[PDB]
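The structure under discussion appears below in the form of structure tokens.
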Amino acid sequence: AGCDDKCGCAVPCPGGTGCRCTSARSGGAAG
Ligand SMILES: [Cd+2]
Ligand SMILES: [Cd+2]
């Protein structure tokens with residue numbers, strides 16, 4: 001939910017398109 005580079009999300013994470021916390025292969029669990 002908190003997103004950093006360890007989240008596998010965008011940095012900073014823009015909430016929408018850069019938020020691969022869903023359908024995520026990079027990372028989403030507790031991210
Ligand atoms: Cd994110
Ligand atoms: Cd995330």
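All residue names refer to the structure tokens as shown: chains lettered A, B, ... in order, residues numbered from 1 in each chain, ligands numbered from 1 in order.
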For the contact check between chain A and ligand 1, emit one row per residue of chain A within 8 Å, containing the shortest atom pair and the distance in Å rounded to one decimal, counting only C-alpha atoms and all ligand atoms, chain then rising number order, as a Markdown table.
```
| residue | atom | partner | partner_atom_place_in_ligand_line | distance |
| --- | --- | --- | --- | --- |
| A:1 | CA | ligand 1 | 1 (Cd) | 6.3 |
| A:2 | CA | ligand 1 | 1 (Cd) | 6.9 |
| A:3 | CA | ligand 1 | 1 (Cd) | 4.8 |
| A:4 | CA | ligand 1 | 1 (Cd) | 7.6 |
| A:7 | CA | ligand 1 | 1 (Cd) | 7.0 |
| A:8 | CA | ligand 1 | 1 (Cd) | 7.7 |
| A:9 | CA | ligand 1 | 1 (Cd) | 4.8 |
| A:10 | CA | ligand 1 | 1 (Cd) | 6.3 |
| A:13 | CA | ligand 1 | 1 (Cd) | 5.0 |
| A:14 | CA | ligand 1 | 1 (Cd) | 7.1 |
| A:15 | CA | ligand 1 | 1 (Cd) | 5.7 |
| A:16 | CA | ligand 1 | 1 (Cd) | 7.7 |
| A:18 | CA | ligand 1 | 1 (Cd) | 6.3 |
| A:19 | CA | ligand 1 | 1 (Cd) | 3.6 |
| A:20 | CA | ligand 1 | 1 (Cd) | 5.5 |
| A:21 | CA | ligand 1 | 1 (Cd) | 5.2 |
| A:28 | CA | ligand 1 | 1 (Cd) | 7.4 |
| A:31 | CA | ligand 1 | 1 (Cd) | 6.7 |
```
Can I get the selection written as an mmCIF file, in the first residue's frame, with C-alpha atoms?
```cif
data_model
loop_
_atom_site.group_PDB
_atom_site.id
_atom_site.type_symbol
_atom_site.label_atom_id
_atom_site.label_comp_id
_atom_site.auth_asym_id
_atom_site.auth_seq_id
_atom_site.Cartn_x
_atom_site.Cartn_y
_atom_site.Cartn_z
ATOM 1 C CA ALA A 1 0.000 0.000 0.000
ATOM 2 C CA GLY A 2 2.924 2.162 0.834
ATOM 3 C CA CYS A 3 4.751 2.209 -2.357
ATOM 4 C CA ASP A 4 8.436 2.569 -2.913
ATOM 5 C CA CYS A 7 6.946 -2.329 -3.724
ATOM 6 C CA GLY A 8 7.644 -2.906 -7.378
ATOM 7 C CA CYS A 9 5.512 0.036 -8.072
ATOM 8 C CA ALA A 10 6.332 3.381 -9.599
ATOM 9 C CA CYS A 13 3.659 5.878 -7.126
ATOM 10 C CA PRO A 14 0.830 7.867 -8.818
ATOM 11 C CA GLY A 15 -1.968 5.759 -7.330
ATOM 12 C CA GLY A 16 -3.492 4.783 -10.673
ATOM 13 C CA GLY A 18 1.719 3.298 -11.923
ATOM 14 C CA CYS A 19 0.132 1.378 -9.168
ATOM 15 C CA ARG A 20 0.862 -2.181 -9.900
ATOM 16 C CA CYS A 21 -0.389 -3.341 -6.607
ATOM 17 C CA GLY A 28 1.618 -5.737 -4.172
ATOM 18 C CA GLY A 31 2.577 -2.691 -0.725
#
```
